[PDB]
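*Asks:* To start, I am sharing the structure in question, which I have written as structure tokens.
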Amino acid sequence: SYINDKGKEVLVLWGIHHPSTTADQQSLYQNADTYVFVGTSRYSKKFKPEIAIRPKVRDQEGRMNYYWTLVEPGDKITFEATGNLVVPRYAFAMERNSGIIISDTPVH
Amino acid sequence: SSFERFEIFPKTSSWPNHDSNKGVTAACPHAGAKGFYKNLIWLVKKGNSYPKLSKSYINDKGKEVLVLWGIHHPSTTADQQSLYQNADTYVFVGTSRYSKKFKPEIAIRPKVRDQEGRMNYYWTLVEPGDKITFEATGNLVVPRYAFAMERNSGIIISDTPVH
Amino acid sequence: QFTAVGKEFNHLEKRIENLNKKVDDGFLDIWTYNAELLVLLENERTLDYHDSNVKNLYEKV
């Protein structure tokens with residue numbers, strides 16, 4: 001668990017790993033049927049790993065889904081897992097205010 | 001800009017362990033008799049077994065390939081077993097970008113065209129050189145015809161004559 | 001107004017992407033047309049204004 005003790009919104013990112021085979025699931029987490037739960041005052045979602053062989057992208061037959069949520073100042077974020085959770089190490093405290101530019105133009 | 005309908009998984013050679021014929025319904029009649037979609041095959045059990053299906057396609061065309069499939073949801077557990085022989089089934093479809101598992105939701109729905117069951121229709125665009133994979137233990141309405149195309153507009157709803 | 005014209009939409013959001021384009025192409029057509037005609041109409045008035053001043057100077061002498 002984490003409590004937002006900062007005076008602003010905290011961006012928390014995590015991942016849910018989906019192995020290619022049941023043997024790959026067991027050699028990483030030892031448990032066959034696993035679950036991940038993430039919850040705040042607003043956010044609440046259970047994650048169930050979908051184990052299957054996907055077409056190879058960067059030598060990988062498995063997939064990893066990336067999830068994010070904004071934790072309100074004073075609000076609490078909770079992580080519960082029996083496997084497959086790519087856990088947060090670094091989060092981001094921020095005050096939001098624009099757009100994004102795709103360019104090769106030099107900065108000055 | 002460049003549309004082409006082609007047989008992605010040929011009916012004759014693709015499905016040797018599953019039934020390609022018995023997947024017809026009164027909901028989709030052809031010549032007054034039970035039929036189905038032309039571009040899809042409702043794969044049912046052969047004898048009393050539905051082995052683990054695993055089929056793949058590589059986009060050898062010089063453009064995007066539109067692949068459509070279906071996930072069938074039977075009304076009762078008895079209807080599930082008389083079509084696929086397996087109780088708890090799953091369907092998996094994956095590309096370099098796409099990846100989704102399908103679990104059949106077995107329940108009695110209100111009758112639409114004499115059917116208490118439902119069939120969900122899914123699609124994805126396969127990139128030139130990319131691979132599409134189908135894995136199933138039941139309930140997969142498999143593709144027969146796919147579409148090679150170059151995208152460029154809108155859609156008009158009208159009874160005005162064409163000239 | 002402070003505005004960021006740029007927007008981003010994925011492969012399954014082409015309808016609202018085209019709605020965004022319709023908004024941009026809509027403003028483009030409105031502004032190009034109004035700006036062009038405004039110039040045409042004001043240049044006429046300016047050259048007419050100079051004509052008046054030269055005439056009202058002759059018709060004072």
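If you're wondering about the labels, chains in the structure tokens are A, B, ... by order shown, residues count from 1 in each chain, ligands from 1 in order shown.
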Which polymer residues have any atom within 8 Å of an atom of region 6-18 of chain C, counting only C-alpha atoms, with same-chain residues fewer than 6 positions away left out, as a list in words?

*Replies:* residues 99, 100 and 101 of chain A

*Asks:* Residues of chain A within 8 Å of chain B, counting only C-alpha atoms, what are they? List them as a count of residues only.

*Replies:* 6

*Asks:* In Å, rounded to a single decimal, give me how far CA of residue 14 (chain A) is from CA of residue 48 (chain A).

*Replies:*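 Answer for the CA of residue 48 (chain A) to CA of residue 14 (chain A) separation: 14.4 Å.
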
*Asks:* Apply DSSP to the backbone of this structure and, from chain A, keep only the residues in alpha helix (DSSP H); write these as a VMD selection string.

*Replies:* chain A and resid 22 to 29

*Asks:* Can you write just those residues out, N, CA and C atoms, as a CSV table (one decimal), in the first residue's frame?

*Replies:*
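Output file again-v9.csv follows:
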chain,number,residue,atom,x,y,z
A,22,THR,N,2.3,-22.5,-19.9
A,22,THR,CA,2.0,-22.8,-18.5
A,22,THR,C,3.3,-23.2,-17.7
A,23,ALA,N,4.3,-23.7,-18.4
A,23,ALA,CA,5.6,-24.0,-17.9
A,23,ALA,C,6.4,-22.7,-17.7
A,24,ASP,N,6.2,-21.7,-18.5
A,24,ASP,CA,6.9,-20.4,-18.4
A,24,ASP,C,6.3,-19.6,-17.2
A,25,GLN,N,4.9,-19.8,-17.0
A,25,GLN,CA,4.2,-19.3,-15.8
A,25,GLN,C,4.7,-19.8,-14.5
A,26,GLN,N,5.0,-21.1,-14.5
A,26,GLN,CA,5.4,-21.8,-13.2
A,26,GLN,C,6.9,-21.6,-12.9
A,27,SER,N,7.7,-21.4,-13.9
A,27,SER,CA,9.2,-21.1,-13.7
A,27,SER,C,9.5,-19.7,-13.3
A,28,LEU,N,8.4,-18.8,-13.3
A,28,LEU,CA,8.5,-17.4,-12.9
A,28,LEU,C,7.8,-17.1,-11.6
A,29,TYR,N,6.6,-17.7,-11.4
A,29,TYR,CA,5.7,-17.4,-10.2
A,29,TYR,C,5.3,-18.6,-9.4

*Asks:* Write down as a ChimeraX atom specification the residues belonging to chain A that are assigned strand (DSSP E) by DSSP computed on the backbone.

*Replies:* /A:2-3,9-18,36-39,44-47,63-71,76-81,85-86,92-94

*Asks:* Would you save the residues of that selection, restricted to N, CA, C and O atoms, as a short mmCIF file (atom, residue, chain, number, x, y, z; two decimals), in the first residue's frame?

*Replies:*
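The resulting file, again.cif, is reproduced below:
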data_model
loop_
_atom_site.label_atom_id
_atom_site.label_comp_id
_atom_site.auth_asym_id
_atom_site.auth_seq_id
_atom_site.Cartn_x
_atom_site.Cartn_y
_atom_site.Cartn_z
N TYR A 2 0.32 2.33 -0.63
CA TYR A 2 0.94 3.66 -0.63
C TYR A 2 -0.09 4.77 -0.39
O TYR A 2 -1.17 4.77 -1.00
N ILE A 3 0.26 5.70 0.49
CA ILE A 3 -0.57 6.88 0.80
C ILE A 3 0.10 8.11 0.17
O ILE A 3 1.29 8.36 0.39
N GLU A 9 -1.21 15.30 -7.31
CA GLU A 9 -1.50 14.00 -7.94
C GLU A 9 -0.25 13.17 -8.18
O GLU A 9 0.79 13.70 -8.59
N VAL A 10 -0.36 11.87 -7.93
CA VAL A 10 0.75 10.93 -8.13
C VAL A 10 0.41 9.92 -9.24
O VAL A 10 -0.57 9.17 -9.14
N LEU A 11 1.23 9.95 -10.29
CA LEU A 11 1.11 9.02 -11.41
C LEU A 11 1.80 7.70 -11.06
O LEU A 11 3.01 7.65 -10.87
N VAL A 12 0.99 6.64 -10.98
CA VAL A 12 1.46 5.29 -10.65
C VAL A 12 1.26 4.38 -11.86
O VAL A 12 0.12 4.21 -12.33
N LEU A 13 2.36 3.81 -12.36
CA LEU A 13 2.32 2.88 -13.49
C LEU A 13 2.74 1.49 -13.05
O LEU A 13 3.66 1.34 -12.24
N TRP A 14 2.06 0.47 -13.59
CA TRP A 14 2.38 -0.94 -13.33
C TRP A 14 2.15 -1.80 -14.58
O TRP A 14 1.63 -1.31 -15.59
N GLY A 15 2.54 -3.07 -14.50
CA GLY A 15 2.38 -4.01 -15.59
C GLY A 15 1.80 -5.35 -15.18
O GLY A 15 1.99 -5.80 -14.05
N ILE A 16 1.07 -5.97 -16.11
CA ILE A 16 0.54 -7.33 -15.94
C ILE A 16 1.19 -8.20 -17.02
O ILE A 16 0.95 -8.00 -18.22
N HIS A 17 2.01 -9.16 -16.58
CA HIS A 17 2.71 -10.07 -17.49
C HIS A 17 1.85 -11.28 -17.86
O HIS A 17 1.21 -11.88 -17.00
N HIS A 18 1.87 -11.61 -19.15
CA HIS A 18 1.15 -12.75 -19.70
C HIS A 18 2.16 -13.70 -20.36
O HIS A 18 2.63 -13.42 -21.47
N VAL A 36 -4.06 -10.42 -10.04
CA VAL A 36 -3.54 -9.12 -9.59
C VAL A 36 -4.72 -8.18 -9.35
O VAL A 36 -5.62 -8.09 -10.18
N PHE A 37 -4.71 -7.50 -8.20
CA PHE A 37 -5.72 -6.49 -7.89
C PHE A 37 -5.10 -5.14 -7.55
O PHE A 37 -4.19 -5.06 -6.71
N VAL A 38 -5.59 -4.10 -8.22
CA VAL A 38 -5.18 -2.71 -7.97
C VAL A 38 -6.42 -1.87 -7.66
O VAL A 38 -7.41 -1.92 -8.40
N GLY A 39 -6.36 -1.11 -6.56
CA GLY A 39 -7.49 -0.31 -6.11
C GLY A 39 -7.15 0.99 -5.40
O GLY A 39 -6.21 1.05 -4.59
N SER A 44 -10.50 0.54 -9.43
CA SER A 44 -10.70 -0.84 -8.94
C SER A 44 -10.79 -1.82 -10.12
O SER A 44 -11.78 -1.82 -10.87
N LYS A 45 -9.75 -2.65 -10.29
CA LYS A 45 -9.70 -3.66 -11.37
C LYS A 45 -8.88 -4.90 -11.00
O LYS A 45 -7.74 -4.79 -10.53
N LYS A 46 -9.48 -6.08 -11.21
CA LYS A 46 -8.79 -7.37 -11.11
C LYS A 46 -8.16 -7.72 -12.47
O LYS A 46 -8.75 -7.44 -13.53
N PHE A 47 -6.98 -8.33 -12.42
CA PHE A 47 -6.25 -8.75 -13.62
C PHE A 47 -6.00 -10.25 -13.58
O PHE A 47 -5.46 -10.78 -12.61
N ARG A 63 3.32 -11.49 -23.61
CA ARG A 63 2.96 -10.06 -23.62
C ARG A 63 2.94 -9.46 -22.21
O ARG A 63 2.79 -10.18 -21.22
N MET A 64 3.10 -8.14 -22.14
CA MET A 64 3.08 -7.41 -20.87
C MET A 64 2.25 -6.14 -21.06
O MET A 64 2.64 -5.24 -21.81
N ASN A 65 1.10 -6.08 -20.38
CA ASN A 65 0.20 -4.94 -20.49
C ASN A 65 0.51 -3.87 -19.45
O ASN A 65 0.66 -4.18 -18.27
N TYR A 66 0.60 -2.62 -19.91
CA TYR A 66 1.00 -1.49 -19.07
C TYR A 66 -0.21 -0.64 -18.70
O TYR A 66 -0.93 -0.14 -19.57
N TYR A 67 -0.42 -0.51 -17.39
CA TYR A 67 -1.56 0.22 -16.82
C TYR A 67 -1.10 1.38 -15.95
O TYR A 67 -0.02 1.33 -15.35
N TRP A 68 -1.93 2.43 -15.89
CA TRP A 68 -1.66 3.63 -15.09
C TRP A 68 -2.93 4.21 -14.47
O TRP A 68 -4.03 4.03 -15.00
N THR A 69 -2.76 4.89 -13.33
CA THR A 69 -3.84 5.69 -12.70
C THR A 69 -3.27 6.86 -11.89
O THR A 69 -2.13 6.80 -11.41
N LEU A 70 -4.08 7.91 -11.74
CA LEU A 70 -3.71 9.09 -10.96
C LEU A 70 -4.26 8.97 -9.54
O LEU A 70 -5.47 8.84 -9.35
N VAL A 71 -3.35 8.99 -8.57
CA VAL A 71 -3.72 8.91 -7.15
C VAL A 71 -3.91 10.33 -6.62
O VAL A 71 -2.99 11.16 -6.69
N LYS A 76 -5.26 6.61 -1.28
CA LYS A 76 -4.41 5.43 -1.10
C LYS A 76 -4.49 4.51 -2.32
O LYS A 76 -5.58 4.28 -2.86
N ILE A 77 -3.34 3.98 -2.75
CA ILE A 77 -3.26 2.94 -3.81
C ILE A 77 -2.81 1.59 -3.22
O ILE A 77 -1.85 1.53 -2.45
N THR A 78 -3.52 0.53 -3.59
CA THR A 78 -3.28 -0.82 -3.05
C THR A 78 -2.98 -1.82 -4.18
O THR A 78 -3.66 -1.82 -5.21
N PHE A 79 -1.95 -2.63 -3.97
CA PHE A 79 -1.56 -3.71 -4.88
C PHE A 79 -1.65 -5.05 -4.16
O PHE A 79 -1.07 -5.23 -3.09
N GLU A 80 -2.41 -5.98 -4.75
CA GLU A 80 -2.54 -7.35 -4.24
C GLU A 80 -2.28 -8.33 -5.39
O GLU A 80 -2.92 -8.24 -6.44
N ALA A 81 -1.32 -9.24 -5.20
CA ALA A 81 -0.94 -10.19 -6.25
C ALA A 81 -0.48 -11.56 -5.74
O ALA A 81 0.10 -11.66 -4.66
N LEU A 85 2.45 -9.64 -11.54
CA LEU A 85 2.48 -8.18 -11.35
C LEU A 85 3.88 -7.58 -11.52
O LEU A 85 4.81 -7.90 -10.76
N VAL A 86 4.00 -6.72 -12.53
CA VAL A 86 5.18 -5.88 -12.71
C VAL A 86 4.92 -4.64 -11.86
O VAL A 86 4.16 -3.73 -12.24
N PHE A 92 5.33 9.38 -9.92
CA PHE A 92 5.51 10.78 -10.30
C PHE A 92 4.50 11.72 -9.63
O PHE A 92 3.30 11.61 -9.87
N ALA A 93 5.01 12.63 -8.80
CA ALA A 93 4.19 13.69 -8.19
C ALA A 93 4.15 14.90 -9.13
O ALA A 93 5.20 15.42 -9.54
N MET A 94 2.93 15.35 -9.47
CA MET A 94 2.75 16.43 -10.48
C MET A 94 1.51 17.31 -10.33
O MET A 94 0.49 16.89 -9.77
#

*Asks:* Just to confirm, what's the straight-line distance from CA of residue 11 (chain B) to CA of residue 38 (chain B) in Å (one decimal)?

*Replies:*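 For CA of residue 11 (chain B) relative to CA of residue 38 (chain B), the distance reads 11.0 Å.
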
*Asks:* Give me, as a VMD selection string, the residues of chain B touching chain C, with the criterion being at most 10 Å (counting only C-alpha atoms).

*Replies:* chain B and resid 124 to 125 153 to 154

*Asks:* Could you write those residues out with C-alpha atoms, as a PDB file, in the first residue's frame?

*Replies:*
ATOM      1  CA  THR B 124      -8.359  -6.770 -36.878  1.00  0.00           C
ATOM      2  CA  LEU B 125      -5.990  -5.420 -39.557  1.00  0.00           C
ATOM      3  CA  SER B 153     -14.365   9.294 -47.076  1.00  0.00           C
ATOM      4  CA  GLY B 154     -17.943   8.552 -45.844  1.00  0.00           C
TER       5      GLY B 154
END

*Asks:* Between A:82, A:98, A:20, A:41, which has the minimum distance to chain C (counting only C-alpha atoms)?

*Replies:* A:98

*Asks:* Interatomic distance between CA of residue 112 (chain B) and CA of residue 27 (chain B)?

*Replies:*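 Atom-to-atom, CA of residue 112 (chain B) to CA of residue 27 (chain B), that is 8.8 Å.
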
*Asks:* Which polymer residues have any atom within 10 Å of an atom of residue 3 (chain B), counting only C-alpha atoms, with same-chain residues fewer than 4 positions away left out, as number ranges by chain?

*Replies:* B: 63-65, 147-151

*Asks:* Need the shell around residue 144 (chain B): protein/DNA/RNA residues with any atom at most 10 Å away, counting only C-alpha atoms. Skip same-chain ones fewer than 2 positions apart. Format as a list in words?

*Replies:*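 Residues meeting the cut-off are residues 6, 7, 8, 9, 10, 11, 14, 37, 38, 39, 40, 41, 42, 67, 68, 69, 141, 142 and 146 of chain B.
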
*Asks:* Measuring atom to atom with only C-alpha atoms, identify which of C:39, C:5, C:57, C:19 is nearest to chain A.

*Replies:*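 Ranked by minimum distance to chain A, first place goes to C:5.
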